[PDB]
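S.K.: sequence, then structure. It's an experimental one.
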Amino acid sequence: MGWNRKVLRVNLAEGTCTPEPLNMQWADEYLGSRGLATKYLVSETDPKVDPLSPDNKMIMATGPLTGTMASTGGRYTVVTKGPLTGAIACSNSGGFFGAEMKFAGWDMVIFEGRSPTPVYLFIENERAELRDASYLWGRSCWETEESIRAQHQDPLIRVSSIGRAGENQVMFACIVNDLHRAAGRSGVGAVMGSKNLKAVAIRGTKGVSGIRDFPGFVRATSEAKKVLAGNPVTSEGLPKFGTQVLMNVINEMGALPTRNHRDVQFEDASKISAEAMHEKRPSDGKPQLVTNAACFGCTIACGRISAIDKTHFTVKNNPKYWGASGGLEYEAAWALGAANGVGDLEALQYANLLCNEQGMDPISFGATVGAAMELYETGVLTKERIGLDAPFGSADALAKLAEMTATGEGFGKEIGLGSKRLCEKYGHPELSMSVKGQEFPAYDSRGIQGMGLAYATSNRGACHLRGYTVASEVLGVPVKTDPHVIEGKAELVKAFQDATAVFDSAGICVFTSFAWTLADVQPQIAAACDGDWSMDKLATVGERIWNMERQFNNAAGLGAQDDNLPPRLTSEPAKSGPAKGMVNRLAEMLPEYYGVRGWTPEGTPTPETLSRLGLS
Amino acid sequence: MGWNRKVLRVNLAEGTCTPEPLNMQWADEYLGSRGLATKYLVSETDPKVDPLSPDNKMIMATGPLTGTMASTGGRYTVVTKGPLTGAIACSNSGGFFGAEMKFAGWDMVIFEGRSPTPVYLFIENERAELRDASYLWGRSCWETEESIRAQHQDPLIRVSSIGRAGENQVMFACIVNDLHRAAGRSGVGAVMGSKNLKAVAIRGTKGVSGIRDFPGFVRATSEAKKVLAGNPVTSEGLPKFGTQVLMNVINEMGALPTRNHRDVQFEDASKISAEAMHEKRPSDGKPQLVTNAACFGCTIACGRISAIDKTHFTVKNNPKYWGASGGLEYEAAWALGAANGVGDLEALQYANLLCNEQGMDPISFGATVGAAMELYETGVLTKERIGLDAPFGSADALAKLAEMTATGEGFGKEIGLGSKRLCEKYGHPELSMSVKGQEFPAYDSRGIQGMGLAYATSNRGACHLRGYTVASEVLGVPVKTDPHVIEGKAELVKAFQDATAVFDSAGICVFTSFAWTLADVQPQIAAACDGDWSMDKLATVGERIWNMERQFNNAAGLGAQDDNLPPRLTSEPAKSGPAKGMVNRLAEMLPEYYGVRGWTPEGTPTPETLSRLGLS
Amino acid sequence: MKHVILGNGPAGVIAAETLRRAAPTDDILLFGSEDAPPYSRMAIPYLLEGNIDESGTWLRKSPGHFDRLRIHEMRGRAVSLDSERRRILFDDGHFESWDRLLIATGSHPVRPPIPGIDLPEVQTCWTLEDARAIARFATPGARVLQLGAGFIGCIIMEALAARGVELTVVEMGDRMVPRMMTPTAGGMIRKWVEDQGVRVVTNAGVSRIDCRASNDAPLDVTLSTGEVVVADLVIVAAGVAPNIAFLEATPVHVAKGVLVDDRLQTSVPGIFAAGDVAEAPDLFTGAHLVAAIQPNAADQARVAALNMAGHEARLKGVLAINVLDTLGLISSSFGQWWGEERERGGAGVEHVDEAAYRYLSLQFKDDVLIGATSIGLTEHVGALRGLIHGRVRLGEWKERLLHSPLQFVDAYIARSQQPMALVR
Amino acid sequence: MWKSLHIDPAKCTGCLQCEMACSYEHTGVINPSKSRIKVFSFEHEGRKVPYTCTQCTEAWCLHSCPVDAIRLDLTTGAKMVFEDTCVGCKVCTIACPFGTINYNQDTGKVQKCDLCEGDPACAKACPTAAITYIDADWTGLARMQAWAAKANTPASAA
Amino acid sequence: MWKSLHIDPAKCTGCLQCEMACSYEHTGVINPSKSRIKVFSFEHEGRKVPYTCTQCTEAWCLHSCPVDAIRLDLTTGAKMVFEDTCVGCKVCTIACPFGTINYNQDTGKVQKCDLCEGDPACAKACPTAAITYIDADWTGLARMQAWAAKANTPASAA
Ligand SMILES: Cc1cc2nc3c(=O)[nH]c(=O)nc-3n(C[C@H](O)[C@H](O)[C@H](O)COP(=O)(O)OP(=O)(O)OC[C@H]3O[C@@H](n4cnc5c(N)ncnc54)[C@H](O)[C@@H]3O)c2cc1C
Ligand code: SF4
Ligand code: SF4
Ligand SMILES: [Mg+2]
Ligand SMILES: [Mg+2]
């Protein structure tokens, strides 16, 4: 079976990393990698603890199909209690690290306590040990990766580390592995750096054995890859254009926020789109894109490779940034771009390079920068405080603010506090576009009605990946719906959330849901794991995972008075586009969502629904 | 302690090689390998015997750090009375011979007398014997080494021998060990060949024991190697470029003699510099240089390996020179090159091969060839006498003269007399560029004054390795001073001469002085030897060695009249370059040197300094 | 299955260990005849000198070693074989059955037919009882007379000379070690041994040994030349012949030794042989020859055990290699040291130094090294086997090896281990 | 009738689907660290290149074995290792100038690419078609046709 | 978890600094003629090659010994000589095809490289890094990387 039945349980206070068997009868009820880790956390911590303290805990986990022959099976997760929100935080990362942890022999690592001195972890197949890292504190992710690999004389070691923002405890730090493809959102880097841990290095040569049926699994994966290779989206669209192709599409619908959610359309959205990446620059006559790359085992290869211009004012005198690194995603391009009214592609590339190097989160940084720009434009913030003029559409201001935030000198300190706390400090809480402390993704909720409800009732804050209903109201792959009605939305949200929970628990990339479905994922899990894995079991597992997460969040001190939106979205009409004179109508959908889910009107699970899932 | 406490004392007149203990109370006053050997010479011979005769004596010696773990600890010395000059001669060689002598149990060998028949000496750890060598007479060095190794049936025997230029008693013969490593200067090879002694062979299997403190010695050597590894000169410059890197550097400053001191700049110096040895030849597309090699224990590896072209007109009919052997040092390249005006690179390597094969000295031979060519151009020498045209810049004449001089046939019999005697024979003594009989090295003394003062006041004729003031005025490793000024030069010369004497007596390379200092040399001697080896003792040892050498030199007949320069260097202004219109000013610095050294106006030590240094 | 092995020398032990490692689900039986644990006879001379005890001759010293590998040890002497229905009849009346058989029974010494050769004071040196008898009789100050100056004869005379008694050697041939040395090196060994204090008479034989009035006094040995020698102890080192005492009436073909092919197997499907009893193909031509040395026993046992378990392994050939120590002189020989006929394209070289006791010789049949012989060379003397066994095409280096024969390791490196490390 | 592997590094994404197949075909467990083909990533130029044995005809690994446990095949033209004659002397890993044929300490032998007896498994699992199994001669047809089409400029717009 | 020495003969300068350490550790005196690693010099081409033991799996020396004085160490995977049961019969010195185990007459025994029990001292004293202590598998990764960069030309300048 896909599990290896081993957990590490290291004690950061006194060393003593001692192995321990995995708890079965929980693996066949939660499937691992999103339910098993949070079941461990919920079952052995108390929700009233403060976010950053020695009493907290951190869990790294993988799935049953991690590091196998199945398509896109190389993803892992980090689960903790987030410091930016106060709720439970789960971050998902790809790359090549989860597969190497699977090949080593383990499938879960638990960190508890705080170490008196800086250390880092080293694992070889039976031997885990903590080593001093006092010569590595205060270095970037690239440098610590190269330093570990050079000192150990082994080019086959996989490293996961943090930047300077993790050490400085910036609220939106992250964890980076393989020079890009990082975690983010809820600020897990701050929790990792508060535990006084620098990096994890792993090297495995034991192999993934123990699958209950080898020929059946091989046949199932061979049949499953054929469906993925005939779909136009996952054979020509994603490999050639990437996730950026959506930009113009969204702009044609008038559902793209601009300038701190003041507008719904960007006039320069055609200068930062994918076609703008595919054009030749007049300075050199060569495009900004080189080639695409793929994660471990993925047959889609939607990654990016880009090279920055050598004559831009940001990088003209710094030959350190002249190589080739990862390109722009959709959300990074939106946050560094349309959220501030900036139409310079090279500035966006430089900001993304800095964010990848120092380990930050582009979305939260861009939203906080936009909030600061609006606060300055109002008149509350003076040039003496910031140290620079900050009007909308200043690329130079964006670059300087990025450097200051990364190095944590001057006004960057205040920028390290996030948008909500920064707005609250100066007495304007209404200017923070965030729910439960997390800012909004690149989908507007005035021209789209499902995403307002999706943002309102997510378990970790404002997130678009837990429930993704744009796949039906824009592209319409299950069924084409209308984004201008609110009828039959609760069932959509419920079904999408259950399916996404199952997909994340399995251990595969979620993009494959554009061609696959549950009927194409059932045979592989049935032929890999043991027990009864049918459709009803998967639906029950998804519902149980969602209910348990919600119950833990409720017991932490968050209730039904936080399911709201800022007044601007629900009171100010749109100013351009095809969604003229439309505002969000969340107040007419929330009781229906509470009723359909089977919850109490105040948002607590009822004993009937609690007993049906066996959660009692 | 690094000493092994044994001397050999062979008696060439009747054999009778009988061991003898070393003399303590002389070891802890001169440190060995330059002061112990010269004290042994001075205390038992007379300063009036002619250079070549049965009554002369020869000493081979090693140092306390020779054959140990210390970096560059493999140097040995030969001490005698030079026939070329009439002063005391001490020549230093590297290779793997001194280490083999130290591993065999001895650390000094004394040759006295004359043998009626040719013999050679063989040592095995206790057993030194003299053997008949009537079948080796008239063979070059390479055949002698190969024949000894094949006859004694051992490929790990270390052999030192002379060539055909020693048996014919050429005035500037030398001793060659390990193919391309060699001593030189003052004609020690003539003294070796006047005793009918052909070769010395050593095999040692006993090891170097006797260190007063082993772990302290090991730690001191390991700590001292880091400083040598850190400096750019001894980490990237020397291993990559040899000593040839100074060619263009000296040429740009306008201090490079050309055509028997008629010019101060060479137009073709870019053709025989270090960069010309790294370029791919048009015929075969491969560079002349192959790799680099190192002496015993050295961690710098400044040696050269070169391959000669197979299609050059000088070696195209000879298949015995087509292998790989030693390259070109800076002095050899200058002497065969700019001293005559030859811009070819293959001819220089061919002449160097001839000089290494037949055992001669490149500097003296090149200077004598240049003097002969100037005499021919003036008109004193005719074509009928030479048998060949000898204009400036003719490679065929250089090759022909090299063959005639090495083989000792024809006009080479005159050429082997030396520049001073050859010039005096034809009624023109002003055309010899020498002080006390030795020709000048590759540095001019019009643009540089410290080199002129170092030449004029050296204890074995004109030598640039006794007091080296270029390292302060060009490289400026201690400090950077001005090479156009005559203030503060006497103290520079005195300090550099003392430091050089201490380094030569220690038993290590001089090039390590580009990164080390007496602070980094004291701990190793302190941990290796017995006594109180502080800084004051080291300074006193250097001063005592220099004063005793001067006393022996002065007693032999040489006086203050010999501290002069040829009139060309002191009456001819420079023609081009930065130092145009300058002339040497030796008259303004010599009395200051005599005053600061503590001697008399005539260059005789006073009773005060003799009593201070304990020379009475 | 089931495997039965006869003889518990080096060959049987190595074969049993390899069989247990290869197939862990079989029954293995190992048989012997002597009343001792598996031991090497090679270490009998050092027992005579006194360096080690008897227990130091054992092949495996770790206590209870043949239990962790699940190997059964029995006792009994094989006297009859029935190959038709696969039966073995032992001397004690019991009986054993088998599925695969390996014969590793070794060799035994032979006595010349001299009158009075069965007297109590005439002993051979092959087993432990003989060593005990020799140690009992060879008191210091005694009188010893030895027959034969071969290889084992040289080893025994060295041991007895180290024990500190007088010694006399009678050799029927023309020189010492006539089968592994050239005449010049044999003469050097002879003169060194005579200098050290051992009397050697050559080109003579033993006529008869006669007993005196009582069995307390020494014996009188009359040689062929006529002189008589009084001697307390007599050592016989004539020669050895293979142990073949039950294969005479079976379809197993048997010459001087048991005949086998390249992958060790006799002329019956299901019977194998290795050790001193096997006659294997030659490396040079391909003929059958018997070589009684230790590396041959080890290699043949490993290959036979690997083929017998079910796999498929091959043997390259056999070669004669010898090293000898005599009273402080070390000499060695490899391969076809006697050269070959020049009309087929051969060449050779010989370098000799008499006053310092040095010798070396090389032989080249056609661009390949074929034999070697040396005195006093001990460092990197194993590379000659690497050059001879794997036939390295020397090429140009041949000419170099004709001018200085002390660079064989350099030729081996530049021709068959790292040819591309010198390409520039 | 002989065939060879063609590697095209302009169509590789570094998904490591070759090594899982190559290790599973020979060992029985998924283990990308025991494959005989390796993918090297050069980050500074954004390039990925896979490499494996080229099956030389003047083989250095063949001529350096003291036991003759390596010999040729005539059906596929592939050098083979006979893993019950090898003794693990590790000399064959020094003679090869390219770096292939490596050691395996779990079983105690060596390993190299043996063309899987003419049925490659790494060439079936590549989705981008960057590894192909074509005939030994004429491996440059695909590039030659494209360069013949491109280099000859048409007599148009001139 | 086993490791082995990797020798790169294109970086050696013949300083003999490693023989001094290998002899000082095992005898106590500096003696480059009692070391267990040697250096050979080829003058006609100007190259130097160090030479030591490869630690065979089915080693001839272990099987040839008649008195069981050579045994395998499970922790580091090296064959070790126990110089208290050895009798100096020298049969193990002619049965090694590379000739690395040698005879020492000062004590009357034999000697070979024993990896210093997982702590080589020859690899710490080499300045040019021509001796390394790396894992037994994948000792050819550097050559593979260099030849992958060299052979596979980029699609530039064309
Ligand atoms: C350098 C060198 C030095 C040597 N020095 C000596 C020396 O000093 N003395 C010496 O004697 N040899 C010496 N030898 C020879 C060597 O020790 C052995 O001859 C040979 O190596 C042993 O191999 P083997 O196992 O095939 O023979 P053995 O070890 O003799 O194997 C035969 C075994 O089978 C047993 N056996 C016999 N008959 C039967 C039967 N019917 N049924 C069952 N088992 C039976 C025997 O008791 C014995 O244990 C030397 C060899 C070399 C290379
Ligand atoms: S689809 Fe994109 S993000 Fe997902 S595994 Fe493949 S390359 Fe990685
Ligand atoms: S490791 Fe095996 S294949 Fe390689 S040379 Fe040694 S015996 Fe031959
Ligand atoms: Mg992520
Ligand atoms: Mg010199």
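M.R.: Here it is on my side, so go on. Residues are numbered from 1 along each chain as shown, chains lettered A, B, ... in the order given. Ligands and ions are numbered 1, 2, ... in the order given.
S.K.: now do the most centrally placed residue in chain D against residue B:339, distance only.
M.R.: The residue at the geometric middle of chain D, judged as the C-alpha nearest the mean C-alpha position with C-alpha atoms, centre = their mean, is residue D:52 (3.3 Å). Computed as C-beta to C-beta, to the nearest Å, the residue D:52 to residue B:339 distance reads 58 Å. For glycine as for every other residue, the C-beta is placed from the backbone atoms N, C-alpha and C.
S.K.: surely the residue nearest to the centre of chain D touches residue D:4?
M.R.: No. Under the criterion of C-beta atoms under 8 Å, residue D:52 lies out of contact with residue D:4, with a separation of 11.1 Å.
S.K.: need phi/psi at the residue in chain C positioned nearest to ligand 2.
M.R.: Relative to ligand 2, the nearest point of chain C is residue C:420 (40.8 Å; C-beta to the nearest ligand atom). The main-chain torsion angles of residue C:420 are listed as degrees, to the nearest 10 and equal phi -100, psi 10.
S.K.: quick one: contacts for the closest residue to it other than its chain neighbours?
M.R.: Spatial nearest neighbour of residue C:420, excluding adjacent residues (C-beta to C-beta, 6 or more residues apart in numbering or on different chains): residue D:97 at 4.4 Å. The contact partners of residue D:97, by C-beta atoms under 8 Å, 6 or more residues apart in numbering or on different chains, come to C:420, D:60, E:143.
S.K.: quick one: the first one and residue D:63 touch, right?
M.R.: No. Here residue C:420 lies out of contact with residue D:63, judged by C-beta under 8 Å, at a distance of 11.8 Å.
S.K.: contact residues of chain D facing chain B?
M.R.: Remark: no part of chain D is in contact with chain B, using C-beta under 8 Å from any C-beta of the partner chain.
S.K.: report the buried members of the contacts of residue D:97.
M.R.: Buried by 16 or more other C-beta atoms under 10 Å in any protein chain shown: residue D:60, out of the contacts of residue D:97.
S.K.: identify, from the contacts of residue D:97, the entry nearest to ligand 1.
M.R.: For the contacts of residue D:97, with ligand 1 as the reference and C-beta to the nearest ligand atom as the criterion, the closest is residue D:60, at 34.4 Å.
S.K.: for residue A:595, see how far away residue A:603 is.
M.R.: Taking C-beta to C-beta, one finds residue A:603 at 11 Å from residue A:595.
S.K.: the more surrounded of the two?
M.R.: When residue A:603 and residue A:595 are compared for neighbours, residue A:603 comes out ahead with 20 against 11, by other C-beta atoms under 10 Å in any protein chain shown.
S.K.: show the contacting residues for the spatially closest residue to residue C:395 that is not a sequence neighbour.
M.R.: Computed as C-beta to C-beta, 6+ apart, the closest residue to residue C:395 that is not its neighbour in sequence is residue C:367, at 7.0 Å. Contact analysis of residue C:367 by C-beta under 8 Å, 6+ apart lists C:393-395, C:398.
S.K.: now, which of those lie within strands?
M.R.: Using DSSP state E to define strands, no part of the contacts of residue C:367 is located there.
S.K.: tell me the one of those nearest residue C:134?
M.R.: Out of these, the one with the shortest distance to residue C:134 is residue C:394. That distance is 47.6 Å, counting by C-beta to C-beta.
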